[PDB]
Amino acid sequence: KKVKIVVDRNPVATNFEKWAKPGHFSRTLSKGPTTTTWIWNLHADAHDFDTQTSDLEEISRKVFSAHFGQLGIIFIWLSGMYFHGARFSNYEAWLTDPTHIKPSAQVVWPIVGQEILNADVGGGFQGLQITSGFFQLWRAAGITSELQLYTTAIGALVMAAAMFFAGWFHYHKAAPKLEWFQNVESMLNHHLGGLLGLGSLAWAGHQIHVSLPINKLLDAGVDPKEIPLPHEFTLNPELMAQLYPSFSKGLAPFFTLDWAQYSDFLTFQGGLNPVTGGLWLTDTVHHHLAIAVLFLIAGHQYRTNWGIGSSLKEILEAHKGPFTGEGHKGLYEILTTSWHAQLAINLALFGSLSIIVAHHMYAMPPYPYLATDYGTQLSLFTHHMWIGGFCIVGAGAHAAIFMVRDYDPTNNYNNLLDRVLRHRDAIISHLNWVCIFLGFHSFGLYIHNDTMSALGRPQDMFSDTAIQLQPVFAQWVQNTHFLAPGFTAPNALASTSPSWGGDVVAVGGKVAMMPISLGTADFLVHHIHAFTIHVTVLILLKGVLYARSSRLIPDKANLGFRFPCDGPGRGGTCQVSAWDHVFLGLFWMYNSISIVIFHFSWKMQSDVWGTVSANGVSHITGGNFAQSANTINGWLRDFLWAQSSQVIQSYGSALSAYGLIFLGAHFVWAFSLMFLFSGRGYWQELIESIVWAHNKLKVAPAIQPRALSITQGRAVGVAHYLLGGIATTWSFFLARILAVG
Amino acid sequence: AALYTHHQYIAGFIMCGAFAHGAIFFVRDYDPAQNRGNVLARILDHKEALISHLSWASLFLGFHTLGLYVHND
Amino acid sequence: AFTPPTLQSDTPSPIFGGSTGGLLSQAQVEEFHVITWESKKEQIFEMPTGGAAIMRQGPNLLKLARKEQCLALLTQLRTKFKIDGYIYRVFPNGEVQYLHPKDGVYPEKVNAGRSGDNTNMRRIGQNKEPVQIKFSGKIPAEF
Amino acid sequence: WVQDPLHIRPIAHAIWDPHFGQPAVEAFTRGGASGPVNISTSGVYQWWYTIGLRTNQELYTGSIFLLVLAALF
Amino acid sequence: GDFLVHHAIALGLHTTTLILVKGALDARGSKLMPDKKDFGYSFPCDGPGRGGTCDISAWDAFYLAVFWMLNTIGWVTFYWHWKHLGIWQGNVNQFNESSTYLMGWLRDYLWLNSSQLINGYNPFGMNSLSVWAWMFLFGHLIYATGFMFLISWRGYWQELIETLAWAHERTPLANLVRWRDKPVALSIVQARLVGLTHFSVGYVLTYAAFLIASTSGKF
Amino acid sequence: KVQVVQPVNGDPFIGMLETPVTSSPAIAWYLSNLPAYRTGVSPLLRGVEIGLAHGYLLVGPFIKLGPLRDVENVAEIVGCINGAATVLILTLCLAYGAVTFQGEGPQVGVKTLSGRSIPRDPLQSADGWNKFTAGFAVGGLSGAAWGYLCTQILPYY
Ligand code: CLA
Ligand code: CLA
Ligand code: CLA
Ligand code: CLA
Ligand code: CLA
Ligand code: CLA
Ligand SMILES: CCCCCCCCCCCCCCCC(=O)OC[C@H](COP(=O)(O)OC[C@@H](O)CO)OC(=O)CCCCCCCCCCCCCCC
Ligand SMILES: CC1=C(/C=C/C(C)=C/C=CC(/C)=C/C=C/C=C(C)/C=C/C=C(C)/C=C/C2=C(C)CCCC2(C)C)C(C)(C)CCC1
Ligand code: SF4
């Protein structure tokens with residue numbers, strides 16, 4: 001009772017005694033490295049704190065310190081980004097010409113002819129073209145000078161040192177107790193208002209006193225070296241008033257509830273800025289202020305040290321109906337004592353959020369000169385899509401882990417979890433049927449179109465000319481959003497994004513955003529996406545639901561979460577554990593995300609990105625998506641074969657690296673096949689023969705070489721498969737977009 | 001081109017079948033007492049040397065062929 | 001002095017809300033298994049078919065499909081609640097056959113009076129060669 | 001093909017596919033055939049031409065002879 | 001270029017022979033399985049004990065060697081076809097200069113000679129090469145389908161089939177129809193055989209379509 | 001306080017559950033009144049009804065999607081297509097009956113949800129399936145034939 005700061009003093013001594021004893025955290029790794037399997041086991045269980053100790057307090061302390069270390073690593077990475085943008089970039093020159101100078105923040109040394117990678121980006125600078133979008137972010141923040149980037153890099157280094165010190169201090173000096181970690185009410189109250197709300201309010205303040213004036217002058221047209229410094233605008237209401245007249249009144253309108261006076265810098269316009277092609281910074285300021293107020297208000301719902309507030313346990317236990325028996329009872333105990341359940345929920349929502357971010361960012365470019373940078377747009381979208389997919393797969397994996405280790409039947413009786421586990425057969429069977437139906441009605445349509453096209457019967461295909469499959473619902477929603485301003489949003493001057501419809505927003509002769517028409521090809525690709533997502537969900541859900549027991553193996557929970565099988569009996573139990581379900585879900589997630597990014601790339605290159613010549617829009621691919629994306633042959637020829645000429649012809653130029661990785665990735669992927677179609681027995685016997693050869697020359701090692709375990713073989717195969725495929729797509733996308741963008 | 005490719009693929013499949021049936025012979029028709037001391041028993045006595053040298057030759061060829069190709073690339 | 005205990009049909013079943021992982025149509029045309037145990041208190045346990053049930057205070061009877069499910073439940077009872085149970089095999093015609101505690105003594109404990117079935121008096125490498133038993137529907141381990 | 005072995009594509013067999021469309025039927029008509037056919041790629045034309053065969057009657061006789069031989073076997 | 005490709009061929013032959021010879025010599029038994037001859041020529045495995053025994057029978061060695069044989073034959077046919085493609089067009093310089101690096105093999109041979117093949121049928125029409133384009137995609141599909149049996153193993157499918165059986169036994173109207181044989185997942189060895197068959201069929205069909213379409217559309 | 005989900009017939013150890021989708025009064029009545037769940041009706045008549053419905057609903061797809069859908073003679077071609085499909089599913093029914101019913105065995109009894117003993121459905125017999133298959137052929141062919149007539153008649157269409 002009573003939320004407070006409870007901490008234990010000096011729990012772990014600081015020394016290098018355990019650094020010289022690898023495998024000290026695990027009890028099973030104490031007999032020493034008798035075989036090579038010990039080396040792999042040392043790394044496969046380094047972060048599995050649940051196995052290193054049975055105490056939840058120690059596990060929580062380890063997680064907290066690991067989080068601090070991760071924060072320090074991220075800060076080091078950020079510092080490196082800012083330092084490279086301040087010392088090995090053309091940001092200052094790019095500011096004067098953001099439409100012709102290609103951003104670059106990496107310079108290579110001349111050693112073995114690699115200096116060819118230093119492309120002629122522009123502004124008297126040579127380097128590698130970057131697609132992270134840091135230049136646009138810095139411009140939106142009003143960096144302008146390189147000294148500010150250097151200062152930010154130094155500050156990031158200081159923050160990294162602070163994070164590492166915090167982790168060491170919280171693990172060896174002042175370690176929080178278990179009751180401190182279980183304060184979900186206090187944690188939520190602080191993360192909602194003190195973190196998200198306060199951060200949004202602070203960013204809004206910076207945007208008001210730094211981003212708005214500097215960016216306004218830049219857009220109006222003023223040399224970056226002539227714009228006043230940020231402090232000259234943050235501490236001088238006269239100049240800022242010269243740029244925004246509502247500031248001549250100070251803070252009086254805010255406290256008198258006459259907020260309308262602030263309508264000059266707190267607008268609700270919409271669309272994009274015609275000069276930069278991005279969202280109106282005033283709109284973003286207003287958005288951040290509104291969400292900050294909302295988050296601050298939301299950070300006052302849970303009860304802590306006072307009577308006011310709500311109880312998570314009380315709210316959960318009060319939500320029970322006639323179809324769910326007991327209801328949400330027991331969920332609070334699960335989420336307050338199991339780290340894997342929280343990790344699963346957080347990973348799922350985190351990945352979904354990343355995907356939503358990718359969508360909202362290409363639809364509504366939030367940074368200046370970002371939409372016209374096709375390379376940056378495609379790179380950001382694809383990167384966030386992959387991060388989201390990986391996080392979702394991890395969420396499923398941790399859900400299965402919790403179901404295998406932290407599940408307790410005595411605490412989950414007749415509740416949501418128990419009832420779900422009591423009818424897993426119906427869920428899995430229905431999901432399997434919907435997956436089969438989607439696969440048929442989605443892929444068979446493409447196969448039918450291919451067969452008709454090959455048979456000389458284009459009138460029997462599922463296209464916009466023959467049997468039409470118009471997405472009436474999507475088109476209706478799109479038109480509804482287009483007609484929203486002045487009707488279902490009277491205070492809105494334009495739609496959220498030009499994709500809903502309207503005019504074409506072009507910046508510097510290139511189309512920044514334009515309406516995206518949906519046809520039969522869009523209908524087909526959307527159903528393909530739904531089918532792939534459903535199959536991935538089926539695999540992950542099946543693993544989570546059958547991780548404990550199954551009709552084939554009634555004691556699967558006893559075998560653990562990660563085991564290769566249960567022998568060749570019962571016909572075969574290969575890949576029956578939850579870990580194997582995650583292993584297969586990774587492949588399906590890769591397939592789904594790959595199709596998603598391919599669809600996005602082709603659609604933007606055929607119906608969005610292009611040039612304006614006062615006579616129309618000349619798209620990159622000429623709009624061949626609407627007439628070729630309805631068949632697999634079109635995707636293979638008009639997209640894979642047609643757009644791959646940029647990466648296979650990059651030798652001898654700056655993009656040659658993309659041509660090398662493109663091949664290297666192809667190798668790694670194929671390499672994975674060796675570990676995916678093979679078994680452990682063959683390699684063990686081959687190693688036996690090689691060991692005999694070594695013994696014949698008295699060069700056999702004491703650490704008996706052993707073939708990788710079945711689980712390790714599967715992990716290596718899946719890791720190499722995804723690395724090769726993702727890297728191949730990365731090289732192809734980057735080379736193509738950097739050569740035609 | 002079609003004839004050359006057809007015959008080469010047929011040859012590859014037939015070679016795999018030849019070795020597969022050789023293995024079948026070793027696991028189903030080989031009698032150590034009837035072949036005690038002949039060429040079969042002796043070649044089976046030093047199978048480790050054979051497999052080891054085959055692995056070494058494969059490793060050498062792969063390492064150098066791939067290295068030269070990657071260097072040229 | 002041990003005799004197979006008869007299966008009582010008056011034994012109540014544990015408190016369970018029902019699930020889709022129970023008996024199917026195989027039990028109606030082939031066979032099913034029954035596990036009966038004695039509990040000193042009403043307590044929650046995990047069923048092999050998914051979900052959680054509550055074993056009553058006294059005799060408990062549970063019908064499952066495969067024998068492995070019954071043995072898994074028995075293992076859970078022995079290693080968690082220190083409860084001993086009996087497994088029987090029931091056929092559609094109505095025949096009950098005693099199973100697991102065959103002679104009242106667990107198999108892991110020697111009882112002196114069992115059948116030493118399938119116990120070769122040779123080494124694993126002392127089996128007949130496959131070529132010496134060719135054209136005979138038997139493996140080298142059955143000689 | 002015997003008269004012009006370098007300007008005529010050998011025909012393997014005819015094509016009778018109810019799923020074919022008009023463009024497919026017109027596109028598969030090549031070596032002066034009445035309808036859609038498949039261009040030979042096995043080289044039987046060159047082999048039969050080199051061993052002395054010249055007319056269709058000889059090919060038919062050989063096919064009948066092989067048919068009788070198969071029945072005999 | 002001929003030197004490098006010949007050494008690649010030597011590699012394929014040596015590795016394929018190594019796999020086949022290792023499987024034939026270790027068929028009777030090895031240190032991991034001293035009594036392998038007692039289990040026959042083909043068997044799923046020996047269980048997860050002793051560290052794991054996946055793909056330990058001689059049949060599995062032949063299975064792994066088929067992939068290498070296909071790769072070696074593919075390299076041989078690729079070399080022959082590219083060299084003759086340059087010779088027939090009176091341009092030996094293309095192969096003499098682009099065969100020394102892999103990018104030349106992928107760009108000047110695979111991507112360059114696949115334009116007419118993938119254009120057999122398009123949103124504009126079709127020609128006599130449409131059959132080869134369809135066979136090309138057909139081979140790719142069969143190969144990818146085999147990848148499923150090769151990567152996914154028996155365990156996931158057994159549970160899935162059990163769920164499907166429960167669904168059928170509980171669906172009205174359909175209950176009137178019963179199966180004569182209990183549906184079960186494919187065997188481990190059977191799955192390996194099916195995956196290998198799909199892989200080989202897709203490989204052969206894809207190369208046959210590409211070869212015939214490339215050398216037929218030009219000559 | 002009500003629990004709409006209960007175990008099948010109160011037994012919680014059977015792989016089935018009673019939900020408002022399976023044990024709903026109206027749903028149960030409609031499902032029980034289908035020709036397939038008529039233990040007391042002759043299998044031939046039930047097969048005739050099933051075949052009539054299936055044959056009638058099977059013309060439409062080929063009518064509006066067949067290769068000759070853009071031709072005035074699409075109705076006739078589709079009527080023939082449905083007849084062919086009915087004949088195919090007819091041989092399917094015959095093969096299933098010949099394989100399923102070929103032996104006899106002392107099967108377990110059958111009771112209702114209340115516990116009232118009822119005889120096994122005559123349809124699940126060698127002669128029962130044959131009569132049902134024969135009725136399905138007559139009904140299936142008649143349904144396809146009626147599908148063509150409806151196209152010619154039906155003032156709206
Ligand atoms: C010089 C300072 C110092 C020293 C002497 C120690 C010493 C010790 N720590 Mg400690 N720790 C420190 C700082 C320090 N720590 C900091 C700054 C943090 C916050 C992150 C932690 C958090 C922490 C935790 C949570 C735990 C320990 C534990 C331990 C004890 C054994 C574990 C160990 O060190 O193995 C050796 C560790 C290493 C040799 C390095 C670890 C790997 C690093 C962090 C990876 C960095 C990533 C890097 C960028 C590479 C990734 C990318 C790459 C592929 C390119 C040991 C006595 C463990 C313990 O008490 O045992 C029960 C325990 O669980 N420490
Ligand atoms: C307003 C109060 C506040 C704030 C701002 C934060 C902020 C944060 N918490 Mg925290 N937390 C709080 C209260 C707060 N917490 C309370 C009251 C509890 C007890 C119930 C916890 C328990 C808790 C746990 C268990 C964990 C966190 C974690 C985190 C970090 C998540 C990483 C991230 O995505 O954010 C973005 C990252 C940044 C913005 C980096 C900038 C960091 C600055 C310096 C913010 C530091 C705020 C800090 C509370 C200041 C007081 C420390 C002071 C004594 C020096 C984040 C920086 C997680 C973590 O990663 O551990 C570090 C985690 O594991 N918190
Ligand atoms: C916040 C994210 C997060 C966190 C904290 C964890 C934490 C944990 N996970 Mg998990 N996981 C996640 C996300 C996360 N995971 C995601 C997104 C996935 C989907 C891929 C998974 C899938 C997963 C599985 C299948 C398993 C875990 C397991 C575990 C536990 C042990 C991890 C370990 O020590 O293994 C060792 C860690 C390593 C060996 C690091 C290796 C890094 C990879 C292999 C290399 C990748 C290359 C990289 C991209 C750079 C390429 C360049 C290269 C050429 C140099 C641990 C508690 C294991 C467990 O048993 O749970 C209890 C388990 O088997 N996770
Ligand atoms: C291109 C290769 C390929 C193909 C075709 C499939 C196909 C399928 N996978 Mg699979 N998978 C693959 C690769 C492939 N996979 C690989 C490499 C892996 C390893 C990671 C997996 C792992 C995997 C898992 C773990 C699962 C699947 C599942 C499925 C099934 C989903 C149901 C469906 O899609 O509905 C319809 C089927 C299709 C669209 C396939 C094409 C069929 C065509 C369109 C119909 C043609 C009709 C035919 C020509 C007419 C008969 C002609 C006559 C001569 C016979 C499906 C049949 C899931 C499943 O079991 O189903 C729920 C499942 O869980 N796959
Ligand atoms: C003169 C040639 C010859 C002969 C007489 C035999 C004879 C024999 N072989 Mg053998 N084999 C051969 C060549 C030959 N083989 C070759 C060339 C290979 C390399 C591929 C093999 C590899 C091989 C293996 C691995 C095995 C045998 C086995 C056997 C024995 C049993 C065969 C069996 O079970 O039949 C069954 C026949 C089949 C199952 C047919 C296979 C189905 C094919 C592969 C699918 C084809 C699909 C088609 C191409 C699809 C068209 C595509 C289109 C749809 C688009 C038997 C005595 C088995 C044995 O000895 O048991 C211990 C054994 O395991 N053979
Ligand atoms: C492109 C895919 C691929 C590749 C590269 C290989 C490669 C190899 N296979 Mg394999 N194989 C494959 C696919 C592949 N296979 C498939 C799909 C199957 C069917 C399942 C098989 C089945 C198979 C069997 C059954 C056997 C092999 C064997 C071998 C090895 C033969 C020795 C050799 O050639 O020396 C050359 C070595 C190489 C070409 C590897 C490259 C070396 C790297 C690039 C150097 C490292 C540099 C750098 C530091 C990389 C580290 C970076 C990292 C730290 C981030 C070799 C390593 C045989 C063997 O083990 O030989 C003894 C063996 O018995 N393979
Ligand atoms: C296209 C829509 C995208 C979602 C995919 C829908 C397919 C999923 C179908 C699976 C249903 C499984 C039934 C579970 C059965 C089940 O959960 O038990 C019944 C469930 C339990 O409620 P209780 O009375 O127990 O409530 C107490 C709760 O607090 C405890 O759970 O109540 C429901 O009816 C949930 C609604 C399920 C139906 C969801 C459909 C919602 C419609 C959304 C339409 C969106 C588009 C139209 C908007 C205009
Ligand atoms: C005349 C002449 C010459 C000479 C030559 C020579 C003398 C050589 C050779 C050759 C050779 C020498 C070849 C070969 C090949 C081989 C192979 C290809 C192999 C094989 C084998 C196998 C396959 C095996 C099988 C088996 C097994 C494994 C088991 C048991 C036994 C058996 C047998 C069953 C020259 C050219 C110089 C010049 C010109 C003239
Ligand atoms: S093949 Fe490998 S994974 Fe499959 S049952 Fe045998 S040992 Fe287990």
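Residues numbered from 1 in each chain as written, not as in the entry; some residues may be left out. Chains lettered and ligands numbered in written order. Part of a larger assembly, values for the part shown. Heavy atoms only, no water.

### Looking at the overall build of chain F
At step 1: Helices and strands together make up the secondary structure of chain F, namely five helices and four strands.
At step 2: Ordering the α and β elements of chain F from the N terminus gives β-β-α-α-α-α-β-β-α.
At step 3: On C-alpha atoms alone, chain F measures out to a radius of gyration of 20 Å, which is more than a quarter above the 15 Å that the 2.2 N^0.38 rule sets for 157 residues.
At step 4: Dimensions of chain F along its principal axes, counting C-alpha atoms only, are 60 × 45 × 25 Å.
At step 5: In chain F, which comprises 157 residues, the proportion classed as buried is 32%.
At step 6: Considering only residue pairs separated by 6 or more positions, chain F has 59% of its internal contacts joining residues 24 or more positions apart.
At step 7: Summed over all atoms, the accessible surface of chain F reaches about 9700 Å², with 68% contributed by carbon and sulfur. (Helix = DSSP H or I, 4+ residues; strand = E, 2+ residues; numbered from the N terminus. Rg over C-alpha atoms; globule rule 2.2 N^0.38 Å. Buried < 20%, exposed > 50% of the residue type's maximum accessible area, 1.4 Å probe, protein only. Contact = heavy atoms within 4.5 Å. Areas by Shrake-Rupley, 256 points an atom, 1.4 Å probe, with all protein chains shown as cover.)

### Digging into the side chain of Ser 497 of chain A
Residue and element names in this part refer to chain A.
At step 1: Looking at the secondary structure, you find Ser 497 in the loop between α19 (472–482) and β5 (505–507).
At step 2: There is a polar contact of 2.6 Å between the side chain of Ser 497 and the backbone oxygen of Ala 363.
At step 3: Setting aside chain neighbours within four positions, we find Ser 497 in contact with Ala 363, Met 364 and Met 513. (Polar contact = N/O pair within 3.5 Å; in protein donor to acceptor, adjacent residues only side chain to side chain.)

### Some remarks on the site of ligand 5
At step 1: The local shell around ligand 5 holds 13 residues, among which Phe 13, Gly 17, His 21 and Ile 24 of chain B together with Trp 59 of chain E are the closest.
At step 2: Those chains with residues close to ligand 5 are chains B and E.
At step 3: Here a nitrogen atom of ligand 5 sits 3.1 Å away from a polar atom, N or O, in the side chain of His 21 of chain B.
At step 4: In the model, an oxygen atom of ligand 5 is placed 3.3 Å from a nitrogen or oxygen of the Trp 59 of chain E side chain.
At step 5: Listing elements by their share of the shell around ligand 5, those giving two or more residues are α1 (2–28) of chain B together with α2 (58–88) and α8 (188–218) of chain E.
At step 6: At six residues, the largest contribution of residues to the shell around ligand 5 is made by α1 of chain B.
At step 7: In terms of residue class, the shell around ligand 5 is built from nine nonpolar, three polar and one charged. (Near = heavy atom within 4 Å. Nonpolar A, V, L, I, M, F, W, Y, C, P; charged D, E, K, R; others polar.)

### Comments concerning the interface of chain A and chain C
At step 1: Listed as interface residues are 20 residues of chain A and, on the opposing side, 23 residues of chain C.
At step 2: Where chain A abuts chain C, roughly 1600 Å² becomes buried across the two surfaces, and 48% of that area is made up of carbon and sulfur atoms.
At step 3: Among the residues chain A hides against chain C, the three largest losses belong to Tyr 413, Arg 422 and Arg 551 of chain A. Together they make up 42% of the total.
At step 4: One can count two salt bridges joining chain A with chain C.
At step 5: For the salt bridge of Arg 570 of chain A with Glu 68 of chain C, the shortest nitrogen-to-oxygen distance reads 2.4 Å.
At step 6: On the surface where chain A and chain C come into contact, there are eleven residue pairs in polar contact.
At step 7: Residue assignment for the side of chain A that touches chain C shows that the elements contributing at least two residues are α17 (416–421) and α18 (424–454) of chain A.
At step 8: Top element by residues in the side of chain A that touches chain C is α18 of chain A. It accounts for three residues. (Buried area = accessible area lost by both parts, 1.4 Å probe. Salt bridge = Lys/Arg side-chain N within 4 Å of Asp/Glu carboxyl O.)

### A word on the packing of helix α3 (residues 47–72) of chain B against helix α1 (residues 2–25) of chain E
At step 1: One can describe the packing of α3 of chain B onto α1 of chain E by two numbers: an axis separation of 9 Å at closest approach and a directional angle of 155°. Taken as axis vectors, α3 of chain B and α1 of chain E run roughly antiparallel relative to one another. As for how α3 of chain B packs across α1 of chain E, the hand of that crossing is left-handed.
At step 2: Its residues assigned to classes, the contact of α3 of chain B with α1 of chain E shows 15 nonpolar, nine polar and two charged. (Axes fitted to C-alpha atoms, helices over the stretch in contact; angles between N-to-C directions. Parallel < 35°, antiparallel > 145°, perpendicular 65-115°, else oblique. Left-handed = near helix turned anticlockwise from the far one by under 90°.)

### Quick word on the arrangement of the chains
At step 1: Considering every one of the twelve pairs of chains in contact, the largest contact total is recorded for chains A and E.
At step 2: Taking C-alpha atoms only, the smallest gap left between chain B and chain F, which are not in contact, amounts to 36 Å.
At step 3: Over all C-alpha pairs, chain D and chain F never come within contact, reaching a minimum spacing of 9 Å.

### Re the pattern of salt bridges
At step 1: Per the counting criterion, the structure on display carries 41 salt bridges over all chains.
At step 2: Note that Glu 31 of chain C and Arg 89 of chain C form a salt bridge whose closest N and O atoms lie 3.6 Å from each other. Placement of the pair is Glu 31 of chain C in the loop between α1 (26–29) and β1 (32–39) and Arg 89 of chain C in strand β5 (residues 85–90), with a sequence separation of 58 residues.
At step 3: In this structure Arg 89 of chain C comes out as buried when scored by relative accessible area, which is 18%.
At step 4: Because the salt bridges share partners, they merge into one network encompassing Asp 8, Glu 57, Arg 61 and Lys 177 of chain A.

### Notes on the site of ligand 4
At step 1: Near ligand 4 you find 22 residues, and of these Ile 436 and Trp 588 of chain A together with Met 148, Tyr 156 and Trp 157 of chain E are the closest.
At step 2: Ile 436 of chain A has a polar backbone atom sitting 3.0 Å from an oxygen atom of ligand 4.
At step 3: Elements with a contribution of two residues or more to the shell around ligand 4: α18, α20 (520–545) and α22 (578–607) of chain A together with α6 (130–151) and α7 (156–170) of chain E.
At step 4: Among the elements that take part in the shell around ligand 4, α18 of chain A stands out by supplying seven residues, more than any other.

### Some remarks on the packing of α2 of chain E against α8 of chain E
Residues and elements named next belong to chain E.
At step 1: Axis separation between α2 and α8 bottoms out at 11 Å; the angle between their running directions is 5°. When the axes of α2 and α8 are compared, the pair comes out roughly parallel.
At step 2: Per-class residue counts for the contact of α2 with α8 are 16 nonpolar, seven polar and three charged.

### Notes on the packing of aromatic side chains
At step 1: All told, the structure shown has 99 aromatic pairs over all chains when counted by the stated rule.
At step 2: Their ring planes at 85° and their centres at 5.2 Å tell us that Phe 583 of chain A and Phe 587 of chain A sit as a pair that is edge-to-face. Taken together, the positions of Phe 583 of chain A and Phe 587 of chain A, both in helix α22 and four residues apart, correspond to about one turn of that helix. Both residues of the pair, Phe 583 of chain A and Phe 587 of chain A, belong to the buried class.
At step 3: Here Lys 510 of chain A stacks its cationic end above the ring of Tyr 374 of chain A, 4.5 Å away from the centre of that ring.
At step 4: Seen from the ring of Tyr 49 of chain D, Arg 54 of chain D lies directly overhead, with NZ or CZ sitting 4.4 Å from the centre. (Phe/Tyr/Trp six-rings, centres within 6.5 Å; stacked < 30°, edge-to-face > 60°. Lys NZ or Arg CZ within 6 Å of the ring centre and 35° of its normal.)

### Section: the side chain of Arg 89 of chain C
At step 1: Only 3.1 Å separates the side chain of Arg 89 of chain C from the side chain of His 33 of chain C, close enough to count as a polar contact.
At step 2: In this view, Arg 89 of chain C contacts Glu 31, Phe 32, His 33, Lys 67, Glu 95, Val 96, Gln 97 and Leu 99 of chain C; residues no more than four positions away in its chain are not counted.

### Topic: the interface of chain A and chain E
At step 1: Contacts between chain A and chain E engage 64 residues on the former and 64 residues on the latter.
At step 2: Across the chain A to chain E interface the summed buried area is about 5600 Å²; carbon plus sulfur atoms make up 68%.
At step 3: It is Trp 641, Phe 677 and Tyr 682 of chain A that lose the most area in chain A upon contact with chain E, and together they represent 15% of the buried surface on that side.
At step 4: Where chain A meets chain E, there are four salt bridges.
At step 5: For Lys 36 of chain E, the salt bridge goes to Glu 685 of chain A, with nearest N and O atoms at 2.3 Å.
At step 6: When residues of the side of chain A that touches chain E are assigned to their parent elements, the largest contribution, ten residues, is made by α18 of chain A.

### Quick notes on the sheet that holds strand β6 (residues 96–98) of chain C
All names here are of chain C.
At step 1: Taken together, the four strands give an open sheet; going across it, the order is β4-β1-β5-β6, and neighbouring strands pair in antiparallel fashion. At either end of the open sheet lies a strand with only one pairing partner, and these are β4 (58–64) and β6. Adjacent strand axes in the sheet meet at a mean angle of 25°, parallel and antiparallel pairs treated alike.
At step 2: As judged from the six bridges shared by β1 and β5, these two strands associate in the antiparallel manner. Bridge pairing in β5 links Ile 35 to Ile 87.
At step 3: Contacts between helix α2 (residues 67–80) and the sheet are confined to β1, β4 and β5, with β1 contributing the most and set at about 15° to the helix. (Pairing = 2+ DSSP bridges.)

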